[PDB]
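Order of writing sets the chain letters: A, B, C, D, E, F, G, H and I. Residues in each chain are counted from 1.
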Amino acid sequence: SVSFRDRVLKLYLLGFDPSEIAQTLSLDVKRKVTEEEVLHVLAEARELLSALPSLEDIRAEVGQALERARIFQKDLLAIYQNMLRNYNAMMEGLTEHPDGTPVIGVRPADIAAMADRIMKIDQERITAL
Amino acid sequence: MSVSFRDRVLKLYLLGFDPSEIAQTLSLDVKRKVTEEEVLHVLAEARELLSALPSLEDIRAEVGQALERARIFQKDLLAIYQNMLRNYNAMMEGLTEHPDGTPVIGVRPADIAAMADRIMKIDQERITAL
Amino acid sequence: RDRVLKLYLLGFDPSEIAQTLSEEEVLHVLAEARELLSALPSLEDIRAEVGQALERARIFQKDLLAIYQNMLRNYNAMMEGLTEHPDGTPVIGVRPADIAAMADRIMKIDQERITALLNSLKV
Amino acid sequence: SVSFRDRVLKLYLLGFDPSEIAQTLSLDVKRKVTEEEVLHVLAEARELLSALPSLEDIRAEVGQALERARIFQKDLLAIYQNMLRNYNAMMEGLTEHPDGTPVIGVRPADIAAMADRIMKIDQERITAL
Amino acid sequence: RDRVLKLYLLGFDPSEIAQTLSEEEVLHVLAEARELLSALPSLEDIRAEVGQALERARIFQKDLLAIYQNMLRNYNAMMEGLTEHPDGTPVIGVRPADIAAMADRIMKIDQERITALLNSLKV
Amino acid sequence: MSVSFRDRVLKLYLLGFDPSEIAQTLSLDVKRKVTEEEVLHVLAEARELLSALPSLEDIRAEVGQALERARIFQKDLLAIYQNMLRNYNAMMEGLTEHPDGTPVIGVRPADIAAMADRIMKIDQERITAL
Amino acid sequence: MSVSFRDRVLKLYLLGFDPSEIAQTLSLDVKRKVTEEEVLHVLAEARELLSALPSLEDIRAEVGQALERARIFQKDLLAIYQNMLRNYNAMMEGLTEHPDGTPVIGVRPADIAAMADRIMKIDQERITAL
Amino acid sequence: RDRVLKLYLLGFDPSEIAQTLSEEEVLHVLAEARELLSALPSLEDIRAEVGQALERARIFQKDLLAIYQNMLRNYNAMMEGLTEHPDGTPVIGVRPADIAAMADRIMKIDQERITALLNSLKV
Amino acid sequence: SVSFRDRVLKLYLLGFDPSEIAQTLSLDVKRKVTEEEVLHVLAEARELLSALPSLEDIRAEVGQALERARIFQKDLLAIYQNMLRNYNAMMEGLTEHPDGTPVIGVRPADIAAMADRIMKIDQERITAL
C-alpha cells in the first residue's frame, strides 16, 4: 500500500528501528514483514527526502507560513474580543452577560499579553515580506 | 470549483488535516465524492499562488493594517490604564467605592508601570515601522 | 465607514459585518481602504506621530513619578514605625526592590525618548 | 485658559476622542464646548509637537536624564544603607537597633541586587557620556 | 560493535564495558571508531539529515496542530457553558494564554523550516 | 537667586512636579511670591548648562568614582560571602551555634554560587571599564 | 610513573584539591611518600601537553562524537515523547489504564510541545554543526 | 581623608559628613579627590587588577569545587539509601539539576578567565 | 612559612585589610605580626600576580578548562543514566528496582534538561577548539 510506506517512514523518524517497525506492522497487517522489506521502503523514501528545494519551493513555504499565521491570528482575535467583553462586565459588576453566558474574570495583563501576540504576528509577517 | 472551496481546502491543510480527511469533510459540504488527488491538485494550485513574490505596495498594504490594528489595541489598553490609575488613587485614599458607585479594585504600582510600558511599546513599534 | 475597517481588523469577516450594520458592498469599502493604508506616509506625518508618542510618554512618566514618591513616602513611614500618615491616609507596605524597579522604568522612558529623537534626526 | 488647552491635549493623548473630551470639560467648566473648539486647540498643539528637535535639545535631554538618574541613585543609596544596617543587626541577634527602630529581616541576595542597580546607573551614565 | 561506541558516549569507561559484554580489546575498537567519526561528511549525507529533520518536524507539527484543535474545541465548550462534548468526551479547562503559546510553537516550526532550507541552498 | 535654589527647582521638576507646584512649595522656603515664568526661566537656564558637552577628564572623573563605588560595594558583599560560607560549613557538620556564640543560619549551595558570581561580575566590570 | 597516575594527579587538581592534599591521597594508592614538588612537576608536564594545539581531524573527532551522542539522547527523548502522546490521547478520552494494563499519567499540552521542541533543537544543532 | 570619599559615594551629602566627623572644608577634599580619580590608569595598574581579580576567581572556584564534591557525595548517599555518612555527618537532599547548575558556574569561571586573559594580551 | 604567605594573600583578596589580617594570624601563629610584615608579603605577591600571561599559558588554561568539563560531563552522564533508569521503573509501576534500591520519581523535562546540559558541554568544547 501507499499508506503502509508512510507508516514505515513515520515510525522510523519517530525513533523506532526496523526490528520494532516490523513487529508493530505485523499487528496492523496480518502477514508479517521482514527487515529488508522495511529497509528498501526506507531506501526509496530517504533519497526523496534528500531532494534539495528549488528557490520557488522556499517562497511557497513562506507563503504557507504566513497563511497559517493568518488563521491563528483570526482564532486569537476572536479570543481577544471575549477577554475584553468579559473585562468590561467585571467592572460593571455583572455575573452574567445580556446574552446569558457567564462572566469569567480576566486580568488587565492577560488582555495586553493577548494584544501583543496578535501584533507580533503582523510584525513577523512584515519582516517575512 | 468555487472561491470558498479553494480557501477551505487550504485552510484544513494548514490546520493539520491530511488530504484523506480533507476529502471526507468536503464531500459533506459540496455533495460529491471529492478525490484525494483533487485535494492535492488544489494544494498544488495554492502553492503556486503563494510562491509568487509580493509587490512593494502589497508590503505597504500589510504595514498600514498592522499600524491601524495597533492603534485599535492601544485605545483598548489606554482605557484599561485609566481604570487602573483611577482604582489606584481610590485605594491610596482608603475608598471602597467610586463616586459613580462602581467598586474599587486593588492595583499594584508595578501593574500600572507594566501597562504603561506596553502602551509605549506600541508607539516605539509604530515609529520604528515608519 | 471607518467602523467597517475597525471590525475587519478586530477579526470579523465581511458576512458578520453586514449583520451588525443591518457583504459585496462591504468588500469594496475594504478594497478602497486598502489603497488608503497602502499610501506612503510623509515626513510631516511621521514628525506628528513622534511628537504625540513622546508627549504621551511624558504623561506616563509624570504618573509614574507621582507613584514613585508615594512608594518612597510609604517606605520612610514603614521604617520609622508609623501605621498612619499625618494627612490621615494609611501606610502601605513597600519592598526596596519595587522602588528600584519603579525607578528603572522611569529612567528607561528617558532612554527611549533619547533613542527616538536620535533616530528622528537622521531620518 | 492655558491649563484648559493642556487638559484637552492630555485627554486626547490619554485615548479620549473629541466627543468624550467635550463631555468631561462640560462638567469641569460651566459653559459647554463644541468639537470644533476642541479640534482647533488640537490643531494648534499638534503642529507644535511635530517641531523637530535641534541637536542641542537632545544633549539637553541627555543631561536631564543623567541628573534624574543621580536623584534616584541617592534615594537607592540611602535604602542600601538601611538594608545593610538591618543585615548586621540580624546576625547579631538584635530585635531593635541602638536607635530604637525595629530590625527588619533582609536576605543577602536583596543587598547584592540593590548594589547592582546602583552600579548599573553609573555604567549607563558612563555609556551616555 | 556499535554497542561499544554507545556505552562509551553514555559515560561508561572501557573497564566497565568489558564487564557488561562478558579492556585492551575495547580501547582499540574505540580508536577505530574515532577515525570513522573523524571522517568529513559528504553533501548528500547532509541533504539526507536535513530531509529527515524537516520531515520529523512536520510530524511534530501535525501532532501539535491536532492538540491545538482540541484546546480550541475545549475553549468554545467552556465559554458556552458545557461540561461534556457531543461525542461524550469531557470538557477540559483551557487558558487563552496556553492557546496562543501553542500557536506560537507551531508557527516557529515554519520559521525553523524556512531558515534551514535557506541555509541549505547556500551551503 | 541662591545656589541651592537653582538645584531645588531642577530637582522638583525631575521628580515630576509641574511649574505650578514648584512655585507653591518654593514660596514657603524662600518667603516670596515665586512666579511660574521664574521657574520656567530657571528650567531654561538649567537646560543650557546640562546641554553643554562633557570634557574628556570629566568622563574619567565619573569613571573613577564608579569603580571606587564598586570597590566599596564589593567589600560589603565579600564580608557577606564569608558569613554565608561560615554558615554553610557549620550547617554541613550539624552545628546550631558557632564558637563565638552567634546562631547558624541555613544557606543553600546555589546562594553561595550566586553571591560569588556577583562579586566576580564587579571585577569583570572593573577590568572591562579599564 | 604510571599512566593512571598522570591522569589521577590532573583529575584531583581539576576537582579543587591543592598539591598538598593530592600528595596525601596518592601516597595511600601508590605506597610511597609522594612529594608536593612531584605533584607540581606532573602538573607542569600536564599543562605542556594540554597547551599543544589541536589538529583539524581532532576537531572532527570531537564533532563526530558530539553528534553521535546527540543521536543517542534524541532516541531516549523520542521514546519519552511517544509515551506522553499516548498518555495524552488516553486522558483525552477518559481512560484510567491503557490496553496493555499500565496506568495513564496526566500530561499537559505545553509539556508535549516543550518535549517536541527539545527534540527539534537537537536536529537544528546537528544541521548547523554540519 | 579616604573616609570622606567613602561617605560621599555611599550617598551622604557634605553637610552630613561634617556631622559624623565632628562642609566647606569637606567640599574641597572631594574636589581634590576628583582629580586623583580623574587620572588615567597605567598598564601596570591594570595588570595588577587583572591579576588580583583572576586570583580571587580561583579562590571562589576552589570553594565551589569543595561544595560540588559535597553535593555529589550527598547524591550517591541519597541514591544508595543512607541517612548518615561514614564520618557521622548527615546526608542532605540534592536535586540533579542543582549539581549541573553548580558545574555550570564552575565552568563559566574558566571561560571568564580565558576571555579576560585574551582581552589583556591585546590591550 | 610558605603557606603563611598564601594565607595572607588569600585573606587580602577575600576582603580583609592588613589590620584584620594581622589579628587573625595572631590567633593562628603564637607570635604577633605587624602590618609592614603583611604589606611586604603583599608587595612580593602582587607583582607576581601582575605578570602578563604568555600566549602558550592561555592555551594551557583552555586545555585545562576542557579537561575539567570532561570530568563534570562524566559525573552528569552517570546521573542521566540514573534518571532514565528511574523513569522506566516509574512507568512499569515498580517501587524498588531489581537491584534493590528505591525508585525515585523523575519528570520527563528533567531528563531532557539533563540531556541538554551534557550536550552543551560538547558544543562549548567544539567552539573552544
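In the analysis below, a contact is a pair of C-beta atoms (placed from the backbone, for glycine too) under 8 Å apart; a residue touches a chain by one contact, two chains touch by 3 or more.
Touching subunit B and subunit E at once are the following chains: A. In this structure, the chain pairs D-F and A-G differ in their number of contacting C-beta pairs, and the larger number is found at D-F.
Separating the CA-averaged centres of subunit B and subunit I is a span of 50 Å.
Those residues of subunit E in touch with two or more other chains are numbered 10, 50, 56, 64, 120. Taken chain by chain, the contacts fit none of the simple shapes, being neither an open path, a ring, a star, nor a full set of pairwise contacts. Contact between chains, as defined at the top, is found for A-B, A-C, A-E, A-G, B-C, B-D, B-E, C-D, C-F, D-F, D-H, E-G, E-I, F-H, F-I, G-H, G-I, H-I.
Residues 57-58, 60-61, 64-65, 68-69, 72, 85, 88, 92-94, 109-110, 112-113, 116-117, 119-120, 123-124, 126-128, 130 of subunit G are the ones that touch subunit E when the two sit in their complex.
For subunit C in complex with subunit A, the touching residues are 10-11. Of all the residues in subunit H, the ones that touch subunit G in their complex are 61-62, 64-66, 68-69.
Interface of subunit H with subunit F (complex): residues 5-6, 9-10, 34, 36-41, 45-46, 49-50, 53, 56-57, 60, 63-64, 67, 70-71, 89-90, 92, 98, 101-102, 105, 109, 112, 116, 119-120.
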